[PDB]
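**Q** Build the 3D model from these lines:
(2 chains, ligands or ions: 1)
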Amino acid sequence: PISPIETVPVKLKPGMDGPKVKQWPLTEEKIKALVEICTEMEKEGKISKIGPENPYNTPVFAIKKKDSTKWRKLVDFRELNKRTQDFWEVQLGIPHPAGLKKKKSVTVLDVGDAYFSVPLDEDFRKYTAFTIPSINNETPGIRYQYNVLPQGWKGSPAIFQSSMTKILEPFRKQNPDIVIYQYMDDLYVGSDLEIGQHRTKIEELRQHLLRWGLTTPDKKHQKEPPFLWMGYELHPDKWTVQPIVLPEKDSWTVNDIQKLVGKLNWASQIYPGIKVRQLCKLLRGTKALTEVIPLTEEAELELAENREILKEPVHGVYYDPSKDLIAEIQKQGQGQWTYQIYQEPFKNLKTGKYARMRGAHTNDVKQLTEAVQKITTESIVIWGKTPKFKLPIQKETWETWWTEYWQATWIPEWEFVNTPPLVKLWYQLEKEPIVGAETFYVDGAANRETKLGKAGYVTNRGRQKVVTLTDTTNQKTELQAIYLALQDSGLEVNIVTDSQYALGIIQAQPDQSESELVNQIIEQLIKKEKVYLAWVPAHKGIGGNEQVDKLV
Amino acid sequence: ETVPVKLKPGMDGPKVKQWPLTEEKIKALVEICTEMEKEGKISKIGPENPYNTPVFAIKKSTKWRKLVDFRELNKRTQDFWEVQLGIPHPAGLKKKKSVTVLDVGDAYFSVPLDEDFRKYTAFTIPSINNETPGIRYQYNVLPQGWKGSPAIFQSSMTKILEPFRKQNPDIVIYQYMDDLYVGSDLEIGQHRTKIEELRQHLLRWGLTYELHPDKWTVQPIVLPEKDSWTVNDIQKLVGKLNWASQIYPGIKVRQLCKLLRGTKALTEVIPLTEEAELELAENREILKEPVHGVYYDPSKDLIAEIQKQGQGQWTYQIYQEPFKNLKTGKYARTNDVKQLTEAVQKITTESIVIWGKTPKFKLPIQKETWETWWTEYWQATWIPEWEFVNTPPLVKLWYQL
Ligand SMILES: Cc1cc(/C=C/C#N)cc(C)c1Nc1ccnc(Nc2ccc(C#N)cc2)n1
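**A** Numbers count the residues shown, from 1 in each chain, chains lettered A, B, ... in the order given. Take a look:
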């Protein structure tokens, strides 16, 4: 059928005219296929023969359908598409299973010839004109235009979905207890009715759909739960990811590893603790895709843990709108966070992992706070609600960091949970200069054209020193100079620098870094008992700055 | 009768995607919108409108209000609401002892919007978990939050205010977006009486806080007045002055630096010399006054930077070129993001009153954190533009109090 629903008005982009593309010659047998097919379609109303006036045209062709002996009709809508207006994005956003509510019974209905069942804006049909070529392209071809949504035209996905949504609205309005999801040409329908009345509601809906031009599978042809959908296995009362088989191989290609990382990342939505750090380091660099990468020790072991976590089926539950959500986060290892979200411990609605560096230097308290933020946004999308958090950090630790850190922050209601490793601050810089502690005036420098650097210090106790560095930068020498003061100093030390760069880094209390220097400087700060760090304007001629500026 | 509106030449409507909203806002947004729909202010739209702007709900009291983020539309119509017909900013407003701010946005709902412009005001009400299609709408009338609405209604507004302006020649009334600003030097009781008199005129046309800009003074860079001075203290001092040296003509440091002689212990106490105690004072008096040589340039964007000072204090500067401060200030007294959200609104309010313009904000926060939370605390009808920055640690203390 062709739905009786009203059409969506459409037009070409503002300056443009419709397509005028020449139909190329086709082989005789493709010409025969097209004639039979367009004859079928024409008798269904799908297309109409058009007069000589219509100046627009769009090429067409025919292909032998799969491994069968029927043909398909393909239209090339490139030109028309480039000239057609933009539409509302079909709809961007897929429901996550963990957001779905438990259902007693669920059914899938398959919409027949979806696109060809919806009418095309009458004013627009003329621009869909196409021509079936005569043999050897000797005589004028048979010309047609579409009356329905062509397959392949820019606007069909969006006008179809809108048409369905509009058709469904009465049904939804008279059936609020019932749940329906539109994806492409599929409808899924959930109820908390028993098999009997549910089957009855499905028929009223089919009748309603057929009243509107849309044919569906009979009570016999509707697929059974559990369904595969978007990589998921849905059951009425639980959900999981669809089967994931990790291959047994002696040799892993770059392509094998990427795909393995992909499946593992996918499974981590519901399999707790999946890790891919070690496998991911392998992907590092830049081989060819067919290149073999021997697994490291810590990668072959990582595969081991994962293969274990997966050996047994795991499902997530569905969302109860009446209850709070609880999110728990653990530090796995090196910048790797994992988390679980549940309403009844420990039946997870879903799990996940967070592993991102924001900047070259951070600390566990920053990273934890970022995972919290990532999880909060995710909860808003999936449930429209923020979770209550349980975090491996003491309220005192987090309150110490937040207050004295210069960036603003905030995380929703949370409370301490003792799941080691606990996140902590590994050292605190002093807030006032230290008495009885040597003052190191440090300074580092680099000649831009040489890549040569000197780094050094003078102290109030008269200690002095300079070390030469090669291929270094200004930024590096300033960090080396502070590193030097740290190595040569006692457990308490004041350090005066003119590098805002160095001060920024260290004052942020990093506990890990991409820089070897900074990692050492950090290792050094853990050892100290008290470090006070001070900044001074360079070259302003300051008592101690001037001194070690003359040496380096 | 509608006024023809068009975008800036070449460019296309906004296609800004809707943010995730909580269950509650979505609920409130549906209620509100079905009501606006049967009053004809908005109409449902089809997929042939590809445009979008974000929407959300605020409670300013407990009453949900709809707020549409027209920053992109506004940017994309900007020639229209500024340089065709536009609203003049009176310089006397910032001088008044009392300015009252009144919401008159509800007046726009009585004016038809140019039919061919309507499609650009498209917005979407999302569903949770994307389980059903968003509810899409267009405006039929002048929308709140769009900078075109007061431009178009301006003609009706002066007519409405004409009697009251005639009867009170010394009161300044300024419109910006959905608000009226009303200033006088009347004693506060009589100022209020006049605000009420004003509301009564407004009420005959379909419209139902107090600032004291006069009492705004800059927050100088503060120079400590130490009982006793250490090397550490004197080095801080020099840095602060060093930095001020690039804003304020005449700042001097050379005497003080002389006190930093050789390589001393940070904690060593040092006597302040005759010439040093003199700079100190000279620089304070300079720091007390406005920056000589800095001026507001009408063609340039205003920028506003905010630093977290801890303990609930926040410092800020307004400038067009870095370090050329038009205005500095602080704002005081829980939740970091709540305080920041409040400080932004306050600063935007002063900025509108002073220049008739909102600043582009540099916010000391993580994009993600701000975006999750700010709508929880927003109480204003506009939204300024903003970006996110890591405060250079020094800048923070140089502005500390
Ligand atoms: C988004 C969605 C995807 C599918 C996708 C179907 C497929 N394939 C099926 C339905 C019915 C829905 N819509 C909603 C809305 C609210 N709760 C639920 N719960 C729910 C849905 C399916 C199963 C099952 N089995 C269990 C509970 N579904």
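**Q** Quick check: phi and psi on the most centrally placed residue in chain B?
**A** When Cα atoms, centre = their mean is applied to chain B, the residue found nearest the centroid is residue B:348 (1.7 Å). Phi and psi for residue B:348, reported as degrees, to the nearest 10, are phi -60, psi -40.
**Q** Check whether it really touches residue B:360, as I assumed.
**A** No. Taking Cβ atoms under 8 Å as the definition, residue B:348 is not a contact partner of residue B:360, at 10.6 Å. All C-beta spots, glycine's among them, are computed from the backbone N, C-alpha and C.
**Q** Kindly indicate whether residue B:315 is helix, strand or coil.
**A** State at residue B:315, reduced to three classes by DSSP: H, G, I helix; E, B strand; the rest coil: strand.
**Q** partner residues bridging it?
**A** Counting by DSSP bridges, residue B:315 is bridged to residue B:307, residue B:330.
**Q** Just give me the neighbour total for residue A:497.
**A** By the measure other Cβ atoms under 10 Å in any protein chain shown, the count of residues near residue A:497 is 26.
**Q** Quick one: residues contacting it.
**A** Listed by Cβ atoms under 8 Å, 6 or more residues apart in numbering or on different chains, the contact partners of residue A:497 are A:442-443, A:478, A:481-482, A:503, A:533-536.
**Q** sec struct for the closest residue to residue A:398 other than its chain neighbours, please.
**A** Excluding its sequence neighbours, the residue lying closest to residue A:398 (Cβ to Cβ, 6 or more residues apart in numbering or on different chains) is residue A:365, at 6.5 Å. Three-state call for residue A:365 (three-state DSSP): helix.
**Q** Do I have it right that residue A:365 meets residue A:425?
**A** Yes. Using Cβ under 8 Å, residue A:365 makes contact with residue A:425 at a distance of 6.7 Å.
**Q** sorry, back to before: distance-wise, check the residue nearest to residue A:398 relative to the ligand.
**A** Distance, residue A:365 to the ligand, using Cβ to the nearest ligand atom, to the nearest Å: 37 Å.
**Q** For burial, what's the neighbour tally of that residue?
**A** Neighbour count of residue A:365, defined by other Cβ under 10 Å: 21.
**Q** Distance-wise, check it relative to residue A:372.
**A** Here residue A:365 is placed at a distance of 11 Å from residue A:372 (Cβ to Cβ, to the nearest Å).
**Q** again with residue A:19
**A** Separation of residue A:19 from residue A:372 (Cβ to Cβ): 52 Å.
**Q** ditto for residue A:356
**A** For residue A:356, the distance to residue A:372 - Cβ to Cβ - is 13 Å.
**Q** Could you tell me which residues touch both of those two?
**A** Common neighbours of residue A:356 and residue A:372 (Cβ under 8 Å, 6+ apart) do not exist.
**Q** So for these two, which sits in the more crowded spot?
**A** A direct count of neighbours by other Cβ under 10 Å for residue A:356 and residue A:372 places residue A:372 higher, at 24 against 12.
**Q** residues in contact with the more buried one?
**A** By Cβ under 8 Å, 6+ apart, the contact set of residue A:372 is A:329, A:389, A:391, A:411-412, A:414.
**Q** Could you confirm it falls within a helix?
**A** Yes. Counting by three-state DSSP, residue A:372 falls inside a helix.
**Q** Apart from its neighbours in sequence, what residue is nearest residue A:407?
**A** Per Cβ to Cβ, 6+ apart, closest to residue A:407 is residue B:364, 5.4 Å.
**Q** what does residue A:212 give?
**A** residue A:167 (4.8 Å).
**Q** Secondary structure element for the one you found, which one?
**A** According to DSSP states H and E, residue A:167 maps onto helix A:156-173.
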